[PDB]
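Report on the following structure.
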Amino acid sequence: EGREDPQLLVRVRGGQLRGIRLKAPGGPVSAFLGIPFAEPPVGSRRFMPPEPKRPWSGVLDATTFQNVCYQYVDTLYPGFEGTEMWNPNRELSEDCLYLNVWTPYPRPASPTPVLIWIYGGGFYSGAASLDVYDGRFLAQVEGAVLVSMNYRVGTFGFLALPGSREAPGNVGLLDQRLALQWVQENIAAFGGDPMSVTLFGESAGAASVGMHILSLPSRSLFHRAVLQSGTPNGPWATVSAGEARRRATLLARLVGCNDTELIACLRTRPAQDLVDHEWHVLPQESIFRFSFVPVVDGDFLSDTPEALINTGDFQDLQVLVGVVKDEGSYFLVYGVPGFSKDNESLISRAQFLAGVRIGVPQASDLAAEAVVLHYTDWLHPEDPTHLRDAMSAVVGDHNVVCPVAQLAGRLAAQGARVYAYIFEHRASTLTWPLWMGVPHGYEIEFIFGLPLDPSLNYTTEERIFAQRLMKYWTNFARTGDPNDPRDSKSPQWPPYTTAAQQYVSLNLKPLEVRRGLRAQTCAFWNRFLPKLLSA
Ligand SMILES: *[C@@H]1O[C@H](CO)[C@@H](O)[C@H](O)[C@H]1NC(C)=O
């Protein structure tokens, strides 16, 4: 050093970092990318909990994103922006436990509230380095310290022989926790305030946040929580220990493999082989189900998320939760016959009944027929447009909207402060067909302020809207209240309560307050359907 920018040199517990001055629309930001927070979980460490990164010597270069965690790469529509935007954008490697930090430039004078992002991707994919997770805008415009971490996905992250020592399960969650521990120790070096840490994440990221809420050792590592379109409760986010043992041993079989001896064999297999058989272990033909997810181990998760949210004390928790308008539409093109991005996907009644079996893969015959009876419009039981949209609603309600409703309700009744939204604006830049409405994942680019980047072709109202959303998120991070303390001209966002069940709509128009999160339909999923199983 000597000739470098004095603002880009920071020391953390493991050593010295050189970061990069990045250009945002309104000015420069400080970025520190690819900071290792753990020892590479490679070789004999595959399936194992992470061990903290051992200090390095010299100045670590922290100017580029690091490796993406080894993962299945989507090929449903080869070349299409709508799918490619979620695909890995750095080399795939099992050496992938690195995190990223964005701060104002120069770094702030007084300690600033910290936002930690946890990406989604079904627990089998994702990366903190995607364009949609770019922290530069929240750093520059709102003055936030933003952190995001890579965590292990798929088998490397979640394959479990529950009870064993060599594959205890949930290690992807432990990667996340270690990075939360890293923020507590080191964030003040960047001007971040470890006493004001908000977790936010979407889909499996949202479930991840919820699990930290429900896991006591994580509780002291953060203060507030945002869950976007996902929940630790519901049919996809967790598996029983039994079911995890079943899938782990079947995958072992498929690649040619006493728990110790089985795992030791699995550790000799190349990463890609594990990826190649990942999808072959699911009990039924299904959508919105993923092979290796968090396990109810009686350790990280002391009981089922359902049980923990029902009985927990959520005294001093502030939580922001919400959904997009059309949660289910996306998932339909990944294995319900009849559905495609390339046509209107108008379907027949038969195709609808088939889709319900695939979308509610755990339903008995009676339960499926109940789902079908509930979602059929009996004035027009054969109308293809309605059946198409009913199929989407079924998948969206079952996997996201009613899990969220359950979560908001239980948390509110047990002392938490809950704000609830539905996001209803479809990006003008969206490449998915119009029938998919406002699909799952497509609020993220707005929360992160991409529309602020003039080169991205968003409309002027979209720019203003993104700024509104950024204000909401960062106000909530600061105070546990999304509303502006000054701005009483703009309409208020009431807390969600069990008596009033209030939530807001997020679109180009000013906030509108609505009541009941799909209240009738969710009573079906959350109250009736379980009992059509206790029989
Ligand atoms: C749309 O595309 C899929 C796959 O090519 C096809 O099976 C489906 O029937 C199509 N819808 C119609 C009737 O155009």
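What follows is calculated from the coordinates using simple rules that are stated; it is not laboratory data. Positions of Cβ are backbone-derived with ideal geometry, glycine not excepted, and every protein chain shown enters the neighbour counts.
Kindly rank 367-379, 347-359 from highest to lowest mean number of other beta carbons found within 10 Å of each residue. Let's see the in-between values first.
Working: 367-379: 15.3, 347-359: 19.2.
Going by the mean number of other Cβ atoms within 10 Å, highest first, we get 347-359, 367-379.
Summing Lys, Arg as +1 and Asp, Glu as -1, what charge do residues with Cβ under 11 Å from the Cβ of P104 carry, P104 excluded?
Working: positive: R107, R136; negative: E142.
Neighbourhood net charge equals +1.
Among residues other than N310 whose Cβ falls under 11 Å from its Cβ, what is the net charge (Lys/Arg +1, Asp/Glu -1)? Walk me through the numbers on the way to the answer.
On the way: positive: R410; negative: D303, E306.
Summing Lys/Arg as +1 and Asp/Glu as -1 gives -1.
Helix-only mean residue ellipticity at 222 nm, the chain, DSSP H runs n ≥ 4 weighted -39,500 (n - 2.57), per residue, nearest 500. What is it?
Values: 17 runs with 160 residues, N = 535.
My calculation for the chain gives -8500 deg cm²/dmol from helical runs alone.
Is the shape of the stretch 366-465 best called rounded, prolate or oblate, per the rule: a/c under 1.5 gives rounded, else a/b larger than b/c gives prolate, else oblate, with a ≥ b ≥ c the square roots of the Cα gyration tensor eigenvalues?
Details: a/c = 3.41, a/b = 1.32, b/c = 2.58.
Note, shape of the stretch 366-465 comes out oblate.
Count of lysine pairs in the chain with Cα atoms under 16 Å apart, counting only pairs 8 or more residues apart in sequence or on different chains?
Values: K325/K509; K471/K489; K471/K509; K489/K509.
Value for the chain: 4.
When a/c reaches 1.5 or more, the comparison of a/b and b/c decides; with that in mind, is the stretch 75-234 rounded, prolate or oblate per its Cα gyration tensor? Write out the running numbers ahead of the final one.
Values: a/c = 1.81, a/b = 1.22, b/c = 1.49.
Judged from the Cα gyration tensor, the stretch 75-234 comes out oblate (a/c at least 1.5, b/c at or above a/b).
What does the charge count around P28 come to, taking other residues whose C-beta lies under 12 Å from its C-beta (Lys +1, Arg +1, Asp -1, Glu -1)? Could you put the intermediate results ahead of the total?
Values: positive: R21, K23, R107, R136; negative: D5.
Net local charge, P28 excluded: +3.
At a 10 angstrom cut-off on C-beta neighbours, averaged per residue, how do the peptides 168-181, 299-312 rank from highest to lowest?
Working: 168-181: 24.1, 299-312: 17.0.
Ranked by mean Cβ neighbours within 10 Å, highest first: 168-181, 299-312.
Could you rank the peptides 487-500, 127-140 by their average count of other C-beta atoms within 10 Å per residue, with the highest value first?
My ranking of the peptides, most packed first, is 127-140, 487-500.
Rounded if a/c is under 1.5, else prolate if a/b beats b/c, else oblate: with a ≥ b ≥ c from the C-alpha gyration tensor eigenvalues square-rooted, which is the stretch 167-225? Intermediate results must be reported in sequence, preceding the final value.
On the way: a/c = 2.00, a/b = 1.52, b/c = 1.32.
It is prolate, given that a/c is not under 1.5 and a/b is the larger ratio.
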